[PDB]
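One file, query39.cif, is given below (mmCIF, C-alpha atoms).
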```cif
data_work
#
loop_
_atom_site.label_atom_id
_atom_site.label_comp_id
_atom_site.auth_asym_id
_atom_site.auth_seq_id
_atom_site.Cartn_x
_atom_site.Cartn_y
_atom_site.Cartn_z
CA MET W 1 0.00 0.00 0.00
CA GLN W 2 0.92 3.69 0.23
CA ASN W 3 1.87 5.54 3.41
CA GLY W 4 1.07 9.23 3.21
CA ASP W 5 1.76 10.54 -0.28
CA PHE W 6 5.28 9.20 -0.92
CA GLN W 7 6.15 6.15 1.23
CA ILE W 8 4.80 2.58 1.36
CA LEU W 9 3.61 0.06 3.94
CA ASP W 10 3.38 -3.70 4.18
CA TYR W 11 -0.22 -4.96 4.25
CA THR W 12 -0.69 -8.09 6.35
CA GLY W 13 -4.35 -9.12 5.99
CA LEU W 14 -7.52 -8.80 8.02
CA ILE W 15 -8.86 -9.95 11.40
CA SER W 16 -12.50 -10.76 12.18
CA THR W 17 -14.69 -11.78 15.10
CA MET W 18 -18.29 -12.68 15.91
CA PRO W 19 -19.83 -13.50 19.30
CA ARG W 20 -21.18 -16.72 20.78
CA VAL W 21 -24.63 -18.22 20.19
CA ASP W 22 -26.26 -20.59 22.72
CA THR W 23 -28.34 -23.32 21.10
CA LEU W 24 -28.52 -25.70 24.09
CA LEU W 25 -32.26 -25.52 24.70
CA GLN W 26 -33.23 -25.59 21.02
CA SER W 27 -31.01 -28.64 20.46
CA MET W 28 -33.01 -30.99 22.70
CA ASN W 29 -36.35 -30.06 21.13
CA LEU W 30 -38.89 -29.37 23.89
CA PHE W 31 -41.44 -27.28 22.02
CA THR W 32 -43.88 -28.48 19.36
CA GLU W 33 -44.75 -26.21 16.44
CA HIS W 34 -48.37 -25.59 15.38
CA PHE W 35 -48.94 -22.96 12.68
CA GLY W 36 -52.23 -21.23 13.45
CA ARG W 37 -54.51 -19.02 11.40
CA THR W 38 -55.51 -16.17 13.73
CA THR W 39 -54.40 -14.31 16.84
CA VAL W 40 -56.50 -16.15 19.46
CA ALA W 41 -56.33 -19.74 20.74
CA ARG W 42 -58.44 -21.95 23.01
CA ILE W 43 -57.48 -24.89 25.25
CA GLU W 44 -59.87 -27.27 27.03
CA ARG W 45 -59.27 -29.51 30.04
CA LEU W 46 -61.17 -32.49 31.48
CA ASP W 47 -60.36 -34.74 34.44
CA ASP W 48 -61.99 -37.55 36.41
CA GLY W 49 -61.09 -39.52 39.53
CA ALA W 50 -62.45 -41.99 42.09
CA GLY W 51 -63.92 -42.14 45.58
CA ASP W 52 -63.88 -43.85 48.97
CA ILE W 53 -66.79 -46.30 49.06
CA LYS W 54 -68.25 -47.31 52.43
CA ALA W 55 -70.28 -50.21 53.78
CA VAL W 56 -74.00 -50.47 54.58
CA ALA R 2 -51.57 -12.49 33.00
CA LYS R 3 -55.36 -12.75 32.93
CA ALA R 4 -57.32 -15.03 30.62
CA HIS R 5 -61.05 -15.42 30.10
CA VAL R 6 -61.88 -18.74 31.77
CA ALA R 7 -65.12 -20.67 32.26
CA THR R 8 -65.80 -23.87 34.20
CA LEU R 9 -68.55 -26.44 34.74
CA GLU R 10 -68.83 -28.77 37.71
CA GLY R 11 -71.97 -30.84 38.20
CA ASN R 12 -75.09 -32.34 36.66
CA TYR R 13 -78.83 -32.64 37.18
CA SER R 14 -78.85 -36.27 38.33
CA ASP R 15 -76.67 -35.61 41.41
CA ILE R 16 -79.55 -33.88 43.22
CA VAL R 17 -82.38 -36.30 42.42
CA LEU R 18 -80.42 -39.52 42.93
CA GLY R 19 -83.47 -41.75 42.51
CA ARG R 20 -87.10 -41.36 41.57
CA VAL R 21 -90.21 -43.52 41.69
CA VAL R 22 -92.03 -43.42 38.35
CA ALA R 23 -95.77 -44.10 38.28
CA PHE R 24 -97.42 -45.95 35.41
CA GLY R 25 -100.43 -43.65 35.37
CA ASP R 26 -98.37 -40.45 35.35
CA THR R 27 -94.69 -39.80 34.76
CA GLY R 28 -95.17 -36.40 36.40
CA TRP R 29 -96.90 -36.90 39.74
CA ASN R 30 -93.64 -36.48 41.67
CA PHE R 31 -93.27 -32.79 40.79
CA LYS R 32 -95.30 -29.64 41.36
CA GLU R 33 -95.19 -26.48 39.26
CA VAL R 34 -95.06 -23.22 41.23
CA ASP R 35 -95.03 -19.53 40.33
CA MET R 36 -91.70 -18.04 41.41
CA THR R 37 -90.04 -14.62 41.21
CA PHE R 38 -86.91 -14.82 39.06
CA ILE R 39 -85.23 -11.41 39.50
CA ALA R 40 -85.69 -9.49 42.73
CA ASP R 41 -87.45 -6.12 42.76
CA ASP R 42 -84.25 -4.16 43.49
CA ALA R 43 -81.49 -5.55 41.29
CA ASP R 44 -81.44 -3.96 37.85
CA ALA R 45 -82.63 -5.98 34.87
CA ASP R 46 -79.15 -7.04 33.72
CA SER R 47 -78.11 -9.06 36.76
CA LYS R 48 -77.80 -12.77 37.45
CA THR R 49 -80.44 -14.59 39.46
CA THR R 50 -79.66 -15.58 43.05
CA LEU R 51 -81.45 -18.94 42.98
CA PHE R 52 -79.71 -22.27 42.48
CA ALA R 53 -80.63 -25.93 42.12
CA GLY R 54 -81.34 -27.43 45.54
CA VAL R 55 -82.89 -24.38 47.22
CA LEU R 56 -85.73 -25.31 49.55
CA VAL R 57 -88.95 -23.42 48.82
CA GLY R 58 -92.41 -23.26 50.33
CA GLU R 59 -95.67 -23.89 48.53
CA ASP R 60 -96.30 -20.15 48.06
CA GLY R 61 -93.05 -19.87 46.08
CA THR R 62 -91.08 -18.14 48.84
CA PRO R 63 -87.59 -19.67 49.21
CA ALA R 64 -87.43 -21.50 52.53
CA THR R 65 -85.77 -19.77 55.48
CA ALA R 66 -86.71 -22.20 58.28
CA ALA R 67 -87.50 -25.87 58.78
CA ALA R 68 -91.16 -24.96 59.33
CA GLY R 69 -91.66 -23.78 55.74
CA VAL R 70 -89.81 -26.41 53.71
CA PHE R 71 -92.12 -28.00 51.14
CA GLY R 72 -90.02 -29.00 48.12
CA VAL R 73 -86.75 -28.73 46.23
CA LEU R 74 -86.38 -26.51 43.17
CA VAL R 75 -84.84 -28.52 40.32
CA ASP R 76 -86.09 -26.50 37.35
CA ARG R 77 -84.03 -26.65 34.16
CA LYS R 78 -83.64 -22.86 33.93
CA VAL R 79 -81.25 -22.75 36.91
CA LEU R 80 -79.22 -25.87 36.20
CA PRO R 81 -75.44 -25.36 36.26
CA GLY R 82 -73.88 -24.21 33.01
CA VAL R 83 -76.76 -22.27 31.42
CA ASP R 84 -76.03 -18.64 32.34
CA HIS R 85 -77.86 -17.34 29.25
CA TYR R 86 -80.95 -15.78 30.90
CA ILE R 87 -79.22 -12.57 32.04
CA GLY R 88 -81.31 -9.52 31.21
CA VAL R 89 -84.24 -11.44 29.69
CA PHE R 90 -86.65 -10.81 32.59
CA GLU R 91 -87.13 -7.36 34.08
CA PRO R 92 -87.10 -7.15 37.89
CA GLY R 93 -90.27 -8.28 39.62
CA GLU R 94 -91.48 -10.70 36.95
CA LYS R 95 -92.96 -14.04 38.02
CA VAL R 96 -92.09 -17.21 36.11
CA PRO R 97 -93.22 -20.83 36.64
CA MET R 98 -90.73 -23.26 38.18
CA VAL R 99 -90.74 -27.04 38.53
CA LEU R 100 -90.44 -28.30 42.10
CA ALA R 101 -89.78 -31.90 43.11
CA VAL R 102 -91.95 -33.07 45.99
CA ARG R 103 -92.94 -36.73 46.25
CA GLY R 104 -91.29 -40.06 45.58
CA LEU R 105 -87.64 -38.98 45.49
CA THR R 106 -84.31 -39.92 47.02
CA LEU R 107 -82.65 -36.55 47.56
CA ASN R 108 -79.03 -35.70 48.26
CA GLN R 109 -78.44 -33.80 51.49
CA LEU R 110 -75.04 -32.25 50.79
CA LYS R 111 -76.55 -30.10 48.02
CA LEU R 112 -79.85 -29.10 49.65
CA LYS R 113 -79.66 -25.61 51.13
CA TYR R 114 -81.84 -22.86 52.55
CA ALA R 115 -82.35 -19.44 50.96
CA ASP R 116 -78.92 -18.06 51.93
CA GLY R 117 -76.97 -21.25 51.18
CA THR R 118 -76.99 -22.62 54.72
CA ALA R 119 -77.21 -26.40 54.98
CA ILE R 120 -80.44 -28.17 55.86
CA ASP R 121 -81.13 -28.41 59.59
CA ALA R 122 -81.76 -31.80 61.14
CA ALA R 123 -85.29 -30.69 62.05
CA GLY R 124 -85.85 -29.60 58.45
CA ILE R 125 -85.42 -33.18 57.28
CA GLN R 126 -88.67 -34.05 59.05
CA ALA R 127 -90.67 -31.67 56.87
CA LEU R 128 -89.11 -32.99 53.66
CA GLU R 129 -89.72 -36.61 54.67
CA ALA R 130 -93.37 -35.82 55.42
CA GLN R 131 -93.83 -35.75 51.64
CA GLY R 132 -92.38 -39.26 51.45
CA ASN R 133 -88.79 -38.74 50.34
CA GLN R 134 -85.41 -40.03 51.48
CA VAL R 135 -82.63 -37.68 52.56
CA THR R 136 -79.43 -39.70 52.18
CA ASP R 137 -75.82 -38.74 52.89
CA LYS R 138 -74.22 -41.97 51.62
CA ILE R 139 -72.59 -40.29 48.62
CA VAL R 140 -69.20 -41.63 47.57
CA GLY R 141 -68.10 -38.27 46.23
CA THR R 142 -65.05 -37.95 44.03
CA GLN R 143 -61.40 -36.94 44.21
CA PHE R 144 -59.44 -35.40 41.34
CA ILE R 145 -55.78 -35.08 40.39
CA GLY R 146 -53.30 -34.27 43.12
CA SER R 147 -54.98 -36.75 45.45
CA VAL R 148 -53.74 -40.24 46.31
CA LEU R 149 -55.87 -43.28 45.41
#
```

The structure given in the file should be rewritten as structure tokens.
Amino acid sequence: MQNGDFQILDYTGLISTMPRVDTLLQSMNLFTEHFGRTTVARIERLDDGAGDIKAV
Amino acid sequence: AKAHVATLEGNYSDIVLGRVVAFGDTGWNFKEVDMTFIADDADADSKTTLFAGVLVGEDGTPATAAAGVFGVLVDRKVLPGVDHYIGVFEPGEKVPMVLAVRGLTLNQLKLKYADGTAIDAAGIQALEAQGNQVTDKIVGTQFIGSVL
């Protein structure tokens, strides 16, 4: 290259860097993907059990 | 973090556990009475205060003492999970209601007086004068989080 208007340099390449990215959680695939159609969703729940019968 | 949530709990057949059906009539157990639906003070758009299992007298006044108990209100307009009659009747209107009187086996844990208080032991006598059984032998149920 040129140093100032009359002299020269020696050009020795470039350096680069880029930060870390943590993919731990995405790797082990917890979340299921369901492409919706609108901006509201509904979830329904139902549950049943048992009892303590007596004698007569 | 607030979501619009609705729930339902029970059914009709958990109040009238058993019923004697007559060949001549399938409807001699009940009695139809004229009842006030919305009080005279609450504005038109307000929920009714009655519920299934409220003891009422013959004159339609919800029972407040063992001396006035005559029947159990089991009409289908106040069953759990309806909630669609808000604002349809202006205050002070009078609407027919189906009471259950004779030939029934009635749960006790769901029978209540006007304010929600449980049925007094001396109030069972009046309800059994009509020829009905007040039974507490209800297995109940237990949901998730419980053992067994």

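Every residue of chain R that lies within 9 Å of chain W is listed here, counting all atoms listed in the file: residues 138, 139, 140, 141, 142, 143, 144, 145, 147 and 149 of chain R.
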
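Every residue within 12 Å of the file position (-94.6, -40.8, 44.3), judged by all atoms listed in the file, is given as residues 19, 20, 21, 22, 23, 24, 25, 26, 27, 28, 29, 30, 31, 32, 101, 102, 103, 104, 105, 106, 131, 132, 133 and 134 of chain R.
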
Could you write out as a compact mmCIF listing (two decimals) with C-alpha atoms, in the frame of the given file the residues that the PyMOL selection byres ((chain R and resi 4) around 12) matches in the shown file?
```txt
# COMPACT_ATOMS: atom_id res chain seq x y z
CA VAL W 40 -56.50 -16.15 19.46
CA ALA W 41 -56.33 -19.74 20.74
CA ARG W 42 -58.44 -21.95 23.01
CA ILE W 43 -57.48 -24.89 25.25
CA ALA R 2 -51.57 -12.49 33.00
CA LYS R 3 -55.36 -12.75 32.93
CA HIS R 5 -61.05 -15.42 30.10
CA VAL R 6 -61.88 -18.74 31.77
CA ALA R 7 -65.12 -20.67 32.26
```

Show which residues sit within 10 Å of stretch 107-123 of chain R, as a PDB file with C-alpha atoms, in the frame of the given file. Count all atoms listed in the file, and ignore same-chain residues fewer than 2 positions away.
```
ATOM      1  CA  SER R  14     -78.850 -36.270  38.330  1.00  0.00           C
ATOM      2  CA  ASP R  15     -76.670 -35.610  41.410  1.00  0.00           C
ATOM      3  CA  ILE R  16     -79.550 -33.880  43.220  1.00  0.00           C
ATOM      4  CA  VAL R  17     -82.380 -36.300  42.420  1.00  0.00           C
ATOM      5  CA  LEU R  18     -80.420 -39.520  42.930  1.00  0.00           C
ATOM      6  CA  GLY R  19     -83.470 -41.750  42.510  1.00  0.00           C
ATOM      7  CA  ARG R  20     -87.100 -41.360  41.570  1.00  0.00           C
ATOM      8  CA  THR R  50     -79.660 -15.580  43.050  1.00  0.00           C
ATOM      9  CA  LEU R  51     -81.450 -18.940  42.980  1.00  0.00           C
ATOM     10  CA  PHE R  52     -79.710 -22.270  42.480  1.00  0.00           C
ATOM     11  CA  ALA R  53     -80.630 -25.930  42.120  1.00  0.00           C
ATOM     12  CA  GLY R  54     -81.340 -27.430  45.540  1.00  0.00           C
ATOM     13  CA  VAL R  55     -82.890 -24.380  47.220  1.00  0.00           C
ATOM     14  CA  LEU R  56     -85.730 -25.310  49.550  1.00  0.00           C
ATOM     15  CA  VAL R  57     -88.950 -23.420  48.820  1.00  0.00           C
ATOM     16  CA  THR R  62     -91.080 -18.140  48.840  1.00  0.00           C
ATOM     17  CA  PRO R  63     -87.590 -19.670  49.210  1.00  0.00           C
ATOM     18  CA  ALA R  64     -87.430 -21.500  52.530  1.00  0.00           C
ATOM     19  CA  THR R  65     -85.770 -19.770  55.480  1.00  0.00           C
ATOM     20  CA  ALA R  66     -86.710 -22.200  58.280  1.00  0.00           C
ATOM     21  CA  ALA R  67     -87.500 -25.870  58.780  1.00  0.00           C
ATOM     22  CA  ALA R  68     -91.160 -24.960  59.330  1.00  0.00           C
ATOM     23  CA  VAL R  70     -89.810 -26.410  53.710  1.00  0.00           C
ATOM     24  CA  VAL R  73     -86.750 -28.730  46.230  1.00  0.00           C
ATOM     25  CA  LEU R  74     -86.380 -26.510  43.170  1.00  0.00           C
ATOM     26  CA  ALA R 101     -89.780 -31.900  43.110  1.00  0.00           C
ATOM     27  CA  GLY R 104     -91.290 -40.060  45.580  1.00  0.00           C
ATOM     28  CA  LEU R 105     -87.640 -38.980  45.490  1.00  0.00           C
ATOM     29  CA  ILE R 125     -85.420 -33.180  57.280  1.00  0.00           C
ATOM     30  CA  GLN R 126     -88.670 -34.050  59.050  1.00  0.00           C
ATOM     31  CA  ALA R 127     -90.670 -31.670  56.870  1.00  0.00           C
ATOM     32  CA  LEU R 128     -89.110 -32.990  53.660  1.00  0.00           C
ATOM     33  CA  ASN R 133     -88.790 -38.740  50.340  1.00  0.00           C
ATOM     34  CA  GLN R 134     -85.410 -40.030  51.480  1.00  0.00           C
ATOM     35  CA  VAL R 135     -82.630 -37.680  52.560  1.00  0.00           C
ATOM     36  CA  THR R 136     -79.430 -39.700  52.180  1.00  0.00           C
ATOM     37  CA  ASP R 137     -75.820 -38.740  52.890  1.00  0.00           C
ATOM     38  CA  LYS R 138     -74.220 -41.970  51.620  1.00  0.00           C
ATOM     39  CA  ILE R 139     -72.590 -40.290  48.620  1.00  0.00           C
TER      40      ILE R 139
END
```

- Message: So the first atom is atom CA of residue R:45 and the second is atom CA of residue R:90; what is the distance between them in Å, to one decimal place?
- Response: 6.7 Å

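Computed from the coordinates, the atom CA of residue R:13 to atom CA of residue R:76 distance equals 9.5 Å.
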
- Task: Could you jot down the atom CA of residue R:48 to atom CA of residue R:79 separation for me, Å, one decimal place?
- Result: 10.6 Å

Would you place a box with edges along x, y and z of the file around all atoms of stretch 46-52 of chain W listed there, add 5 Å to each of its six sides, and report the centre and edge lengths in Å to one decimal, as AutoDock Vina command-line options?
```
--center_x -62.1 --center_y -38.2 --center_z 40.2 --size_x 13.6 --size_y 21.4 --size_z 27.5
```

Quick one: apply the PyMOL selection byres ((chain R and resi 91) around 12) to the file and drop the selected residues here as a PDB file with C-alpha atoms, in the frame of the given file.
```pdb
ATOM      1  CA  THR R  37     -90.040 -14.620  41.210  1.00  0.00           C
ATOM      2  CA  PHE R  38     -86.910 -14.820  39.060  1.00  0.00           C
ATOM      3  CA  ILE R  39     -85.230 -11.410  39.500  1.00  0.00           C
ATOM      4  CA  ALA R  40     -85.690  -9.490  42.730  1.00  0.00           C
ATOM      5  CA  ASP R  41     -87.450  -6.120  42.760  1.00  0.00           C
ATOM      6  CA  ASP R  42     -84.250  -4.160  43.490  1.00  0.00           C
ATOM      7  CA  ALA R  43     -81.490  -5.550  41.290  1.00  0.00           C
ATOM      8  CA  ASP R  44     -81.440  -3.960  37.850  1.00  0.00           C
ATOM      9  CA  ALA R  45     -82.630  -5.980  34.870  1.00  0.00           C
ATOM     10  CA  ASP R  46     -79.150  -7.040  33.720  1.00  0.00           C
ATOM     11  CA  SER R  47     -78.110  -9.060  36.760  1.00  0.00           C
ATOM     12  CA  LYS R  48     -77.800 -12.770  37.450  1.00  0.00           C
ATOM     13  CA  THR R  49     -80.440 -14.590  39.460  1.00  0.00           C
ATOM     14  CA  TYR R  86     -80.950 -15.780  30.900  1.00  0.00           C
ATOM     15  CA  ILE R  87     -79.220 -12.570  32.040  1.00  0.00           C
ATOM     16  CA  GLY R  88     -81.310  -9.520  31.210  1.00  0.00           C
ATOM     17  CA  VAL R  89     -84.240 -11.440  29.690  1.00  0.00           C
ATOM     18  CA  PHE R  90     -86.650 -10.810  32.590  1.00  0.00           C
ATOM     19  CA  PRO R  92     -87.100  -7.150  37.890  1.00  0.00           C
ATOM     20  CA  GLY R  93     -90.270  -8.280  39.620  1.00  0.00           C
ATOM     21  CA  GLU R  94     -91.480 -10.700  36.950  1.00  0.00           C
ATOM     22  CA  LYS R  95     -92.960 -14.040  38.020  1.00  0.00           C
ATOM     23  CA  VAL R  96     -92.090 -17.210  36.110  1.00  0.00           C
TER      24      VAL R  96
END
```

- Task: Do a neighbour search on residue R:9 at 8 Å with only C-alpha atoms, toss out local chain neighbours closer than 2 positions, and write the hits as a ChimeraX atom specification.
- Result: /R:7,11,81-82

Given the selection you just returned, output its residues as a file containing C-alpha atoms, formatted as a short mmCIF file (atom, residue, chain, number, x, y, z; two decimals), keeping the file's coordinate frame.
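Generated output (again.cif):
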```
data_model
loop_
_atom_site.label_atom_id
_atom_site.label_comp_id
_atom_site.auth_asym_id
_atom_site.auth_seq_id
_atom_site.Cartn_x
_atom_site.Cartn_y
_atom_site.Cartn_z
CA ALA R 7 -65.12 -20.67 32.26
CA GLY R 11 -71.97 -30.84 38.20
CA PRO R 81 -75.44 -25.36 36.26
CA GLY R 82 -73.88 -24.21 33.01
#
```

- Message: the PyMOL selection byres ((chain R and resi 34) around 6) - which residues does that actually catch in the file I just gave you? List them as number ranges by chain.
- Response: R: 33, 35, 97-98

Got a minute to add N, CA, C and O atoms to stretch 6-20 of chain W and dump it as a short mmCIF file (atom, residue, chain, number, x, y, z; two decimals), in the frame of the given file?
```cif
data_model
loop_
_atom_site.label_atom_id
_atom_site.label_comp_id
_atom_site.auth_asym_id
_atom_site.auth_seq_id
_atom_site.Cartn_x
_atom_site.Cartn_y
_atom_site.Cartn_z
N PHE W 6 4.02 9.58 -0.28
CA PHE W 6 5.28 9.20 -0.92
C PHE W 6 5.81 7.83 -0.50
O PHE W 6 6.46 7.18 -1.32
N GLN W 7 5.57 7.38 0.73
CA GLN W 7 6.15 6.15 1.23
C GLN W 7 5.19 4.98 1.01
O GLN W 7 4.13 5.11 0.40
N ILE W 8 5.58 3.81 1.52
CA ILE W 8 4.80 2.58 1.36
C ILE W 8 4.77 1.82 2.67
O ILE W 8 5.61 2.01 3.55
N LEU W 9 3.78 0.94 2.79
CA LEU W 9 3.61 0.06 3.94
C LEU W 9 3.70 -1.39 3.50
O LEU W 9 3.88 -1.69 2.32
N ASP W 10 3.56 -2.29 4.48
CA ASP W 10 3.38 -3.70 4.18
C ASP W 10 2.04 -4.16 4.75
O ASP W 10 1.82 -4.11 5.96
N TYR W 11 1.15 -4.63 3.88
CA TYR W 11 -0.22 -4.96 4.25
C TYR W 11 -0.28 -6.44 4.59
O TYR W 11 0.15 -7.28 3.80
N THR W 12 -0.82 -6.76 5.77
CA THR W 12 -0.69 -8.09 6.35
C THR W 12 -2.03 -8.78 6.61
O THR W 12 -2.09 -9.68 7.45
N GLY W 13 -3.09 -8.40 5.91
CA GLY W 13 -4.35 -9.12 5.99
C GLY W 13 -5.35 -8.49 6.94
O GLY W 13 -5.20 -7.37 7.42
N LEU W 14 -6.41 -9.26 7.21
CA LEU W 14 -7.52 -8.80 8.02
C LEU W 14 -7.77 -9.74 9.20
O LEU W 14 -7.41 -10.92 9.18
N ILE W 15 -8.40 -9.19 10.24
CA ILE W 15 -8.86 -9.95 11.40
C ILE W 15 -10.37 -9.77 11.50
O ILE W 15 -10.92 -8.75 11.07
N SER W 16 -11.05 -10.77 12.06
CA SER W 16 -12.50 -10.76 12.18
C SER W 16 -12.92 -11.45 13.46
O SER W 16 -12.16 -12.21 14.06
N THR W 17 -14.15 -11.18 13.89
CA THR W 17 -14.69 -11.78 15.10
C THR W 17 -16.21 -11.70 15.08
O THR W 17 -16.79 -10.89 14.36
N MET W 18 -16.84 -12.55 15.88
CA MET W 18 -18.29 -12.68 15.91
C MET W 18 -18.66 -13.44 17.17
O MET W 18 -18.03 -14.46 17.47
N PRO W 19 -19.66 -12.99 17.94
CA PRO W 19 -19.83 -13.50 19.30
C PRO W 19 -20.44 -14.90 19.32
O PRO W 19 -20.70 -15.53 18.30
N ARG W 20 -20.67 -15.37 20.55
CA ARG W 20 -21.18 -16.72 20.78
C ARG W 20 -22.69 -16.78 20.58
O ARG W 20 -23.38 -15.76 20.61
#
```
